[PDB]
Each structure stands twice: as structure tokens, then as C-alpha cells.
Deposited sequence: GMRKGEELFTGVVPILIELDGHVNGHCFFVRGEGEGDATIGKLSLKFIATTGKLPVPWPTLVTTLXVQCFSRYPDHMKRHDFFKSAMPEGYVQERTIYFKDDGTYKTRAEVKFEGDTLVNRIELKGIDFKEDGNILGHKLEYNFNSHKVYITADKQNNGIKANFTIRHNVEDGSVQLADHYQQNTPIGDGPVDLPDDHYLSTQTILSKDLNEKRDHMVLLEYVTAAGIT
């Protein structure tokens, strides 16, 4: 499993999104390097202007690329669910606002690691921070708290994303997560420490997101 992440691996991400009657498709390409815990990705909305802000889709759009330092390798479930992969499901509750529900399969298809997702968004207020496009084009650092789910031969994860709002206020987004292996390890409690920059290609006419991200595992 780990053997497949020694060095740079090409990435493909695909998202099916349906939110309050509005539909979108997002394709992402780039590279991941799990030895340094770095992702470099460009995402394009093939269906035109997104009906939701790009930052709300960051956590949905490969943890497999988190850097697990040598003393924590035995706690890296994401790797070793390779090459068959794992199913990542989440419910994301936006405080005072609407909810995303997601399902995804992360796996190898040849040399490329692929993340295919379906996203359903419900009960979002018109003129809220999400449908109103009131979220700043940035992202903050978080701790992703991971625990083992022995009964589903996998893991649960809990976190709160902090979305900055043009207002000066903050939009919270409580993430509840589950991962189960597709094919035939289970960690003690730890967390992933995350950092992310969102930018734009200045020559790109389509609605898009350039993303650089660093993630490393800690807490043992």
C-alpha cells in the first residue's frame, strides 16, 4: 500500500454536485507527493459558474496523500486500502445553513489515483453565505480528528471547517466522516494537520480553483 506513494503520483478528481435544484460538474487534475504531504491541483467547473463557493467544496474534492512520519506509518489507513481503494462518506452541516452529503471512491486506475464523488446539498438558504456567495476565497488550517471504526473495518473522522466571510464573521461547517475499504490497518486516535492555499490561473477563462495543500499526521 505505502509502496505506491513513494514519489509523485498523478491525480484525477471528479465531482457530481446537486444543490437546491442546481447541478454542477467539477474536474480536477494534478499531483500528490505523500513523502512531503503536498497536493498540487487545478479544478475546473465544466458546467459554468458554480452555484456554491469553491471553498465549500475543498474538503470534498485524497487524504491518502497526508504525510505520515515514520513513527506513525502503522496508523495510515488511507494507504494500504490501496490499490483497491476506500469509500469516503461525509455529512457536512453548515451552521445556520444547509447540509452537504457526499460519497466518494478513492482508488488507483493505472498510475493515477482517482477520486470520484457525488454531492447532494439540501436546505440551503437563498441569500445565505453559501448560495449568496459571501465566503472569502481562502482556507484555514484544521485538525482532522481520526478514530478507528473496527466494526466497519475502517475509520471515522470529525472536524469543523472555518470559512471566513466577507462580513468579517465566520461560517462553521461540522464534518462527520466515514471511510471503509473497497477490497478485502486500523489506527489509534490521531489527527491530521492541514494547510491550504486557494488561487487562480490568470489565463483561465472558465470558473476554476487552483489549490496547494500540505497535510501531515500527528498526535502520538
What ranges of the deposited sequence are left out of this structure?
-> 1-4, 66, 190-192, 229
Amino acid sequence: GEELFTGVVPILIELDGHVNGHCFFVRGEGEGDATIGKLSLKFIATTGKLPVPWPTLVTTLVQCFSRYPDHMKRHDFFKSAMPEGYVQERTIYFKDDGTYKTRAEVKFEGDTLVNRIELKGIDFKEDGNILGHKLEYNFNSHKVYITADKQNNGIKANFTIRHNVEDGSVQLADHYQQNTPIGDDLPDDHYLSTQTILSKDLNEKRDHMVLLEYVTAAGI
From here on, numbers count along this sequence of modelled residues.
With reference to the PDB entry, specify whether the mean Cα temperature factor is higher for 67-75 or for 92-100.
-> 67-75
May I ask you to compare 6-14 and 194-202 by their mean CA B factor in the entry and name the higher one?
-> 6-14
Name the residue from 58, 62, 52, 170 with the greatest C-alpha temperature factor listed in the entry.
-> 62
When the CA B-factors of 146, 119, 130, 81 are compared as recorded in the entry, which is the largest?
-> 81
Determine, from the deposited record, the chain-internal third of the Cα B-factor for residue 140: lowest, middle or highest.
-> lowest
Should residue 186 be placed in the lowest, middle or highest third of its chain by the C-alpha B factor in the entry?
-> highest
Please rank the C-alpha B-factors of the chain's modelled residues and tell me whether residue 218 sits in the lowest, middle or highest third.
-> middle
CA B-factor placement of residue 154, once the chain's modelled residues are sorted into thirds | highest
Chain-relative CA temperature factor third for residue 179 | middle
